[PDB]
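First, one chain by itself: the form deposited in one PDB entry, in structure tokens.
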């Protein structure tokens, strides 16, 4: 049933499947070892992540996983996104092979580095924002709107590189359940721009608003936005023009950046291009401590 694409296909026997990854937040995904991923080095093994359909998947689940893969083929490569590396589409279940992120999602990474391993410098945190802003600038330049940019959808590699995940996910925005929670217990509506939340209008500008929430997540080291606030109350806060408080140990400039990202008028928010330039400059002048 699936079309062959020699640009991406890996023989099924080259992939040694392993243990589950991401505790189900990204669907059925496992760690694997791929033999001879690079055609130049056929005797090298690479740790990779591998997405597949759950046992009782419908035909729409298959379509959605295919869309995701094709979206990823078109978007191209970037250091700060989770890149496609291959696929097994023939004679067997569909496998979508992507880059492996050994240090987990950014929320977890930050939480484990709180003072009670190695604590993060002010520069490491800004550097973190910068890398994510870079991934997003690239995605935006390729006409991709994320729709759920958040710390949970940012993965961290063994070398502390931030990579945006799930940027090509299929989703029917007219059928979102605003009350559904992420497995960790939070509500995705808390990262959504008002225009996306009330009028279902997703744009690069609404992704920029989500980035503001993510900046707040970085500077609270994995803090939870609007803790205890249920959906109806969140709407009321948004309608009243409410904005989250400045995190402690966040400069006035970075708080102002968050606020700009939460501009009530979408046209007035910065773009990712501008955010990358601003963050580059702030990284250069932020203390590593020494």
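For the two forms, the rigid core is made up of the largest set of C-alpha atoms that agree within 1.5 Å on superposition. Shifts are known only where both forms have a C-alpha. Residue numbers count along the first chain shown, from 1.
Keep in mind that the form deposited in another entry is missing from the display, and what follows is about it.
Just one residue from the list 15, 282, 276, 25 crosses the 2 Å line for C-alpha shift between this form and the one not shown on a rigid core fit, and it is 25.
After superposition on the rigid core, the Cα of residue 230 moves by 2 Å or more between this form and the one not shown. By 3 Å or more, the C-alpha separation between residue 261 and residue 26 grows in that other deposited form relative to the form shown here. Relative to the shown form, the Cα atoms of residue 93 and residue 23 move together by 3 Å or more in that other deposited form. Segments of at least three consecutive residues in which every Cα is displaced by 2 Å or more between this form and the one not shown, once the core is aligned, are found at 22-27, 184-186, 227-231.
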